[PDB]
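**Q** The sequence shown begins at 1 in the entry's author numbering and counts up one residue at a time.
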Amino acid sequence: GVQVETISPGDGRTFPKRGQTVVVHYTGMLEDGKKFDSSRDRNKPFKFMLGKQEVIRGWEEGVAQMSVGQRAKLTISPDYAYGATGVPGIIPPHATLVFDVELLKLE
Numbered sequence: 001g002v003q004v005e006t007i008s009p010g011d012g013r014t015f016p017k018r019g020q021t022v023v024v025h026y027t028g029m030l031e032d033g034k035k036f037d038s039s040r041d042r043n044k045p046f047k048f049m050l051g052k053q054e055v056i057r058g059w060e061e062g063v064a065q066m067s068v069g070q071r072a073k074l075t076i077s078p079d080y081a082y083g084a085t086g087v088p089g090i091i092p093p094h095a096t097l098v099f100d101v102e103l104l105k106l107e
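1. At the level of alpha carbons, what is the spacing between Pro92 and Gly19?
2. By a C-beta neighbour count over all protein chains shown, 10 Å radius and 16 as the cutoff for buried, is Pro16 buried or exposed?
3. When you compare only the Cα positions, how much space is there between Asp37 and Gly28?
4. Going by other Cβ atoms of all chains shown within 10 Å of its Cβ, with 16 needed for buried, is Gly1 buried or exposed?
5. Pull up the DSSP beta-bridge partners for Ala95, would you.
6. For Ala95, is the classification buried or exposed, using 16 other Cβ atoms within 10 angstroms of its Cβ as the cut-off for buried?
Below you can see the structure in the form of structure tokens.
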């Protein structure tokens with residue numbers, strides 16, 4: 001599944017709902033800390049719609065548990081990420097992923 005650990009608290013009040021657009025900064029890392037992706041490197045917040053399944057399952061369910069302003073560490077099992085196949089060249093098979101996610105606003 002996905003484990004959500006707070007880095008810095010949000011408002012504790014505004015949680016994203018299905019159909020809402022979520023605006024975040026994130027960094028994605030393998031288990032050894034190797035970064036494979038980061039919106040912060042692009043200096044461009046990333047937007048996705050909750051429930052569209054345009055992000056991995058661990059994000060769908062993990063970010064849904066975050067409040068606006070919150071920064072959290074999401075630890076995501078492979079079945080909630082890229083599974084047995086992984087993404088060859090980037091993500092190994094059966095990889096646990098760690099994401100640093102900051103929820104900036106809802107749209």
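Beta carbons: idealized from backbone N, C-alpha and C, even for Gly.
**A** This is what the structure holds:
1. 31 Å
2. Buried is the call here.
3. Cα to Cα, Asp37 sits roughly 5 Å from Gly28.
4. exposed
5. Bridge partners of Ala95: none, in fact.
6. buried
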